[PDB]
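Structure, as structure tokens:
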Protein chains: 2
Amino acid sequence: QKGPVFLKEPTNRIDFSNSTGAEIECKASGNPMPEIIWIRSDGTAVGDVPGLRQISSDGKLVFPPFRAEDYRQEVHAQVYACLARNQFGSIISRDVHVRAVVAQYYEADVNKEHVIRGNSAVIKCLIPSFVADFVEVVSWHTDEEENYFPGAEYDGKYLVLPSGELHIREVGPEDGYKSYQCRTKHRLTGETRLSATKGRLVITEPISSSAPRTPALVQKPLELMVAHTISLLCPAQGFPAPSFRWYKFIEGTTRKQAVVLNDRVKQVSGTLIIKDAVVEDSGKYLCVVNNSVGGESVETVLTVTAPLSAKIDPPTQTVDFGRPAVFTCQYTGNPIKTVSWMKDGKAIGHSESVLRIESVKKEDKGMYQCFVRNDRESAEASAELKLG
Amino acid sequence: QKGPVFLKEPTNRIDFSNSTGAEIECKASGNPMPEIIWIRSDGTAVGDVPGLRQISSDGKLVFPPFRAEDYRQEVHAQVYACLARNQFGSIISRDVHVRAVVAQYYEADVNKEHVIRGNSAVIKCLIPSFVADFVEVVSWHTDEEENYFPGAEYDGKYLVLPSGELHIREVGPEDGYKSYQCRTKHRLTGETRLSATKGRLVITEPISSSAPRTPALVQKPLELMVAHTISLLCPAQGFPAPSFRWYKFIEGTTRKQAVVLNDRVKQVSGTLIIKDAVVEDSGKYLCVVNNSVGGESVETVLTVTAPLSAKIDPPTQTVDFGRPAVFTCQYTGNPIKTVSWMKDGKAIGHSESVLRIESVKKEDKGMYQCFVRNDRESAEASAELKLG
Ligand SMILES: *[C@@H]1O[C@H](CO)[C@@H](O[C@@H]2O[C@H](CO)[C@@H](O)[C@H](O)[C@H]2NC(C)=O)[C@H](O)[C@H]1NC(C)=O
Ligand SMILES: *[C@@H]1O[C@H](CO)[C@@H](O[C@@H]2O[C@H](CO)[C@@H](O)[C@H](O)[C@H]2NC(C)=O)[C@H](O)[C@H]1NC(C)=O
Ligand SMILES: *[C@@H]1O[C@H](CO)[C@@H](O[C@@H]2O[C@H](CO)[C@@H](O)[C@H](O)[C@H]2NC(C)=O)[C@H](O)[C@H]1NC(C)=O
Ligand SMILES: *[C@@H]1O[C@H](CO)[C@@H](O[C@@H]2O[C@H](CO)[C@@H](O)[C@H](O)[C@H]2NC(C)=O)[C@H](O)[C@H]1NC(C)=O
């Protein structure tokens, strides 16, 4: 009576500590009831590995909590999928990226920041790149017992930015007798800790003028989710302390327009803050920094991401032999890198949103799917062809 | 009998400490002998400022050595030019960027480097951005008394890169009991010093696998001079320790080709080293980093610069009223941002290498120049038009 359709798929990312374990669920309908098979996204079937990966009834793949000694990459750092299948054909779920992380000591550091008196400073909490997916800055603390949290600026001077740095306006000689530590939190173990080192501003008295200089290492392209606040920094030091202006390129041109500052889009010194991000905020930004000696600029690319979703019209159709069958994949989200089609679990080499079979024949019957992907997510829709 | 031509112009950059002072020289020929006037590149005449800027005979602008208290931006952080002029017309020199820097304490730092055991490490000497134009890494030293200099790899393990970092292969638990300091040199004062802090590798035992991760801050576009060795880094950490491959984009496409490693172009772990750089090495490079869990990539832009030079054909010509006069500017160097023309010291709004006057008339007689610029340098050529 019907081919398979998914009712529940697991999300794209399943991250968890060895102590927590995980379970992922897949449910499909169909008649006859489809069998559910777990596969690695490349298509090989996966089995039971004692104490590590267990197929449950209902429809669940279980990763029990496990001791560090028992970590296995092929189980615990793997991209899975669910295959649902009956006599009418097969469909595969979106990719399920499993990342079991053994609970392990890390430290964050705060180093010295060399600044010219009168410039803004940005104090950073350095989190090792290999743990940074799981660790976020909660708050900043000084030796004089001042505590700074994300939200609003303190004393017209200190602001914990959305990206985690502590921004300090108009640094003075005085500010070099303070030391700064960050509190971080690990989302898989839930633990919080203070930074292993404390940083201080080291203030240079301006005795010579200099044109603004920006660091050698700059923010690589950013991907941030819709509806969250974003901060784009522009670190620069010079004397006279410089002024900062932000521009956004017109897509596919070398032309730019001044960013328009309002209730939603604000600038704090050289920092651009955009609340309530929307996909149209994506693009290429330029910060231009000037003083009476000279100027400099740096580009930052921003993509504002939105969850991927897909749906095929029509979800089922019957077409008489020799006649055309059209399936249209309707999708949402940002960015969309690719669209691609499968039939009964096998890529069919069509990468456009509308799939046309010009003249239907027996072996065209079965289940079709459209997958929409980008670098971080995937979404699928399915559809059945019945012969008339 | 003749309009002015420059015999000697000052170079584009004159950098010097307050203790050293500076003198810059401009000589031109012509008949009558041209007068030499020093100007700020925007065109205003400059005068004597007691003890700071003095016009010498011969043809020299002198910046005497001066005490810190006596620094003056309008004298000491300024773009000058020489104007040479007689009854036939005027020519202006290339820009002369003067940067007098008061001798002042700085420190470099070496911070902790968190690495996964078995990966490569790069230990960096952090030089504040506002002094980095004048400070270069000489050498690296450990507490165990090992001294590393630029040139060849030590013990198949340690290499001081052309860009100054200390590269360490295949880090082991053992390597965390060593501490590293850099020796730097300031080119204006000649002094050398060791870093104010020492860094250590902090080694994480790999207990979970992870895909390669690269830092948030990456090398911004590089400009390096012909005939020097360049190193492009690709910092990445993961487990299994990753492999690295470099590609270079085909200009104006999204297509890329594998970099070809040979006698001149080498790879040390993930570091690409190109000796004897040529202008054709310019472009956009991609480093791709892989292990059995996943992959990542980062782009770095390189421009290999070559000194700018310009010459006009013909250097003088006479043309009868109503007939055409053509001047062709021939130039060399890299990059060329602009070409632009002047007549008797005034921009004339032509930005192509060949200048045509379609039908010559009286007030067309005089001196013409072509200037070729990029962001760091300028070069000029001049030519006279005589009426026939
Ligand atoms: C998950 O892995 C870690 C081993 O890192 C386990 O946590 C350790 O447990 C031992 C003994 O109970 C403690 O003494 C260590 O202090 C722990 N280290 C850390 C970093 O927390 C944990 O028991 C494991 N989970 C299991 C096996 O269910
Ligand atoms: C502020 O600084 C920026 C320098 O980065 C200056 O903009 C440049 O201006 C020059 C001269 O007009 C142009 O050729 C460059 O293309 C500009 N760069 C950019 C990124 O726009 C700008 O002129 C400065 N403002 C003042 C008043 O000096
Ligand atoms: C250039 O400027 C610096 C002031 O920074 C002068 O150097 C100082 O000179 C005094 C006394 O001779 C020393 O005690 C300080 O130790 C010096 N400081 C530094 C950083 O070197 C120098 O004399 C000046 N040059 C002149 C006036 O010709
Ligand atoms: C090594 O890692 C890079 C990942 O950055 C992989 O290249 C990507 O491959 C995917 C799948 O083919 C492409 O869609 C991306 O466009 C690729 N990115 C780049 C920058 O080339 C590559 O596949 C990896 N190699 C292996 C064997 O897994």
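Counting convention: from 1, in listed order, for ligands and their atoms alike. Lettering of chains follows the sequences in order, A, B, ..., and the numbering in each one begins at 1.
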Donor on one side chain, acceptor on other, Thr204(A) and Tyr105(B), under 3.5 Å: no
Under 3.5 Å side-chain donor-acceptor pair for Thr303(A) and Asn334(A): no
Close N or O approach (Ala103(A), ligand 1; < 3.5 Å): yes
Pairwise distance CD(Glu136(A)) to CZ(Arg183(A)) - rounded to 0.5 angstrom: 10.5 Å
From CG (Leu222(A)) to OG1 (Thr305(A)), nearest 0.5 Å: 11.0 Å
Subset of ligand 4 atoms that lie under 4.0 Å from at least one heavy atom of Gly295(B): 2 (O), 4 (C), 5 (O)
Short N-O contact, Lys112(B) and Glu107(A), less than 4.0 angstrom: yes
Ion pair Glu205(B)/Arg117(B), N-O distance below 4.0 Å: yes
Would you mind checking which non-hydrogen protein atom is closest to [atom], with the distance to 0.1 Å?
atom                    : value
atom 20 (C) of ligand 4 : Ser297(B) OG, 3.5 Å
atom 16 (O) of ligand 4 : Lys337(A) NZ, 3.5 Å
atom 28 (O) of ligand 4 : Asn290(B) ND2, 3.9 Å
atom 21 (O) of ligand 4 : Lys256(B) NZ, 4.0 Å
atom 7 (O) of ligand 4  : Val288(B) CG1, 5.0 Å
atom 3 (C) of ligand 1  : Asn18(A) ND2, 3.6 Å

Crowding at CZ, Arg187(A) (>12 non-hydrogen neighbours, <6.0 Å): yes
For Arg67(A), atoms of ligand 1 separated by under 4.0 Å from a heavy atom: 27 (C)
Distance filter under 4.0 Å to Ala68(A) heavy atoms, resulting ligand 1 atoms: 4 (C)
Could you tell me whether [atom] has a protein heavy atom closer than 4.0 Å?
atom                    : result
atom 24 (C) of ligand 3 : yes
atom 1 (C) of ligand 1  : yes
atom 5 (O) of ligand 4  : yes
atom 18 (N) of ligand 4 : no
atom 12 (O) of ligand 1 : no

Full working for ring-ring contact (aromatic ring centres under 6.0 Å, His included) between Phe134(B) and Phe16(B): CA-CA 10 Å; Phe134(B) 312 120; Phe16(B) 57 100; over 10 Å; no
Among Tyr105(A), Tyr71(A), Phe66(A), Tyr106(A), closest by any non-hydrogen atom to atom 26 (C) of ligand 1: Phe66(A)
Minimum-distance pair of heavy atoms, taken over all atoms of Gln73(B) and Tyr71(B): N-CE2, 3.7 Å
